[PDB]
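Take a look at this single chain, the form deposited in one PDB entry, given in structure tokens.
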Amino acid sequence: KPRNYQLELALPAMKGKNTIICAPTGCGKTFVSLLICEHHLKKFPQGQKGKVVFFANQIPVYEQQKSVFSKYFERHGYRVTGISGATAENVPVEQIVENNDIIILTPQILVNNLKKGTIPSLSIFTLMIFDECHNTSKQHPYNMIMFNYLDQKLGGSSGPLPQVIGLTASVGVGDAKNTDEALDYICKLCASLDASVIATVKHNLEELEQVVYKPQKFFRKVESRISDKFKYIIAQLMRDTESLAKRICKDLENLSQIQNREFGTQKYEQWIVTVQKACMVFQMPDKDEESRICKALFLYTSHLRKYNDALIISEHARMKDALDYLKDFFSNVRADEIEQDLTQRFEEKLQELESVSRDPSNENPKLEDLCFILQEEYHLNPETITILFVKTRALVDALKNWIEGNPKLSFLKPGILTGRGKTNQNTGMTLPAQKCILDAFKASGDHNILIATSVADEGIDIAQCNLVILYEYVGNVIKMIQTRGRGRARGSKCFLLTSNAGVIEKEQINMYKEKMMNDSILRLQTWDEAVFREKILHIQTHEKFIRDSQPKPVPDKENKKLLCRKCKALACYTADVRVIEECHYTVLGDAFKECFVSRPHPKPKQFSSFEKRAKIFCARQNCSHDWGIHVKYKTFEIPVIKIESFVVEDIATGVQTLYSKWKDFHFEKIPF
């Protein structure tokens, strides 16, 4: 049965108004979506019918809502379907939309069909439901859909527009400093969704509270480790590696605009990257010492990265975790004359590092305050379900081994949850491997605590956790309100454990931003709905004028060279390059086939017309630098290269340029 606060949220939508529904995570917005959609489809007379589209930002939420809407409306005589990236190609989308009454969609599927013209205008729909509507922002596919909606509303083109409904737990305030700034960000968000009403729970607040409780937050400010015998060693290997680069490249300190860099910092990381992109554009006339000097500096900068990474891992986890990170790196580097030198310089101090990592007196004080908290809660409630958010995927693996390798935590049964990772790198965690652990992360399951990276807005619902711990982890006001839904029962707790005062302070800001987020909405609801619809109209118009008044570059028909970024080897020319569907780039000619090898692809996914088959690398002198992928297009199998892997050398001028995207590289682009 529907609750009274669920009916209260659906009331403005059931009255036909474009409504943003702001409610706490876990209060059952999905039921509210059904209540609105069940009312929308029954109000039409016999000679008419309605069509609803539901937008989902992730495949798990896509399959979830597709199954919920299917089993709720099938008996009532409505057809539900869905179009995701898997079933989007070679299918008549226009027929699928017309032959079904409810279509759960991924927003990119609609954005691509509006451009292709297969879906001419949004008039085909009578109701659009945006899940996590706060994402209707700068360039998200939600806003691109609303740009199509607004251009038809403001232009002279008539045609019935669909009702727009948005669900979120927080509309946000942006970078607002006071209530007036917060009120304008909310109004501009309502203008992006054409919303006339913000539906919140006001009359049944007592019922909503007895269903979703607010976890009490605890800020735990700690101190960093005092003496770092691990850093004194690793900082020496970096100074050693910094010197070996100097012998090859004089005045290396002038290669970056970053001064006074320090080991184990984000500023050093920006520095070790700036120099890396500068050593690739070196032009030696020998063209063989070029492949020697550049490749040598690329290895030094690559090794200096893992050292700087380990120094950060040491500051947030055990010295042993930063040790095993480097051990895996050199074990990956092995199986070159320069790599063997940097390995011997490391293997020398390896035994000394292990005698420092094993020293029980060099314990991380932050992990001892995390151990104290875990010991306390599981001593009070031994059936505690805990989820621990960390910043990097290396920190997930670090705290997992730390929990499994601590006798004081033998009561813990830790699990892992990371993102899917990059599509062309054997990293991350596949979707079945994700769902296989979230089914094991229960009070009756195998695992007692989950260590996770950041998660999408609300995502699939996992077991309620009476303990949530944020380890050096801070976010915006929206994410703060969504992590409350991790535990909704009475007695849920949330710990923010960090050694940085700016992290504690950012959460205090977010708490004040939420106050401004509510008080702005509270007084926004006290306006005449006609005045509100008119205020957003000039916003809708002024945001369109700016968009309508915002650059087609002139290409460079001069042929260029494409060299490997690591060994400077000639791979192909721009004359051999053909473009596919204005997005993807391949190489012709039989000379390019002699320059790359192929490993089987770790994630053989599929996009517009491509079947991933292999990854391609450089082959000259065993460079193995990633160049792209080898896919199977409609007819044949071809390589697909990324310009990020290469350096563009000009033939006559001899200049070497670095391009990060193909759109920023202008040359003769022949269709394939």
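Numbers for residues come from their place in the sequence shown, where the first is 1. For the two forms, the rigid core is made up of the largest set of C-alpha atoms that agree within 1.5 Å on superposition.
Missing from the model but present in the deposited sequence, between residue 335 and residue 336: Gap size class: 1 to 3 residues without coordinates, per the record.
Classify the number of deposited-sequence residues missing from the model between residue 550 and residue 551: none, 1 to 3, 4 to 9, or 10 or more. Per the record, 1 to 3 deposited residues are absent between residue 550 and residue 551.
Read off the CA B-factors in the entry, average them over 658-666 and over 16-24, and name the higher stretch. For C-alpha atoms only, the mean B-factor is higher in 658-666.
Compare the mean C-alpha B-factor of 62-70 with that of 614-622 as given in the PDB entry, and name the stretch with the higher value. The stretch with the larger average C-alpha B-factor is 614-622.
Residue, from 176, 275, 373, 199, that the PDB entry assigns the highest Cα B-factor: Max CA B-factor in the entry, restricted to 176, 275, 373, 199: 275.
Top Cα B factor in the deposited entry, candidates 113, 464, 343, 81: Max CA B-factor in the entry, restricted to 113, 464, 343, 81: 343.
Place residue 244 in the lowest, middle or highest third of its chain's C-alpha B-factors, as listed in the PDB entry. Highest third, going by the recorded CA B-factors of the chain.
With respect to C-alpha B-factor, does residue 636 fall in the lowest, middle or highest third of the chain as deposited? Highest third of the chain for residue 636's C-alpha B-factor.
Can you tell me which third, lowest, middle or highest, the CA B-factor of residue 33 falls into for its chain? Lowest third, going by the recorded CA B-factors of the chain.
If you rank every modelled residue in this chain by C-alpha B factor, which third holds residue 430: lowest, middle or highest? It falls in the middle third of the chain.
Please say which third, lowest, middle or highest, residue 561 falls into when its CA temperature factor is compared across its chain. Highest third of the chain for residue 561's C-alpha B-factor.
There is another form of the same protein, the form deposited in another entry; it is not shown, and what comes next is about it.
Superpose on the core and compare between the shown form and the other one; which one of 150, 474, 183, 539 crosses the 2 Å Cα shift mark? After core superposition, the one over threshold is 474.
Did residue 528 shift 2 Å or more between the shown form and the other one, C-alpha, core superposed: No; that C-alpha moves by less than 2 Å between the shown form and the other one.
Rigid core aligned, does the Cα position of residue 130 differ by 2 Å or more between the shown form and the other one? Not so; residue 130 is displaced by less than 2 Å.
Would you say residue 102 moves its Cα by 2 Å or more between the shown form and the other one, aligning on the core? No: residue 102 shifts by under 2 Å between the shown form and the other one.
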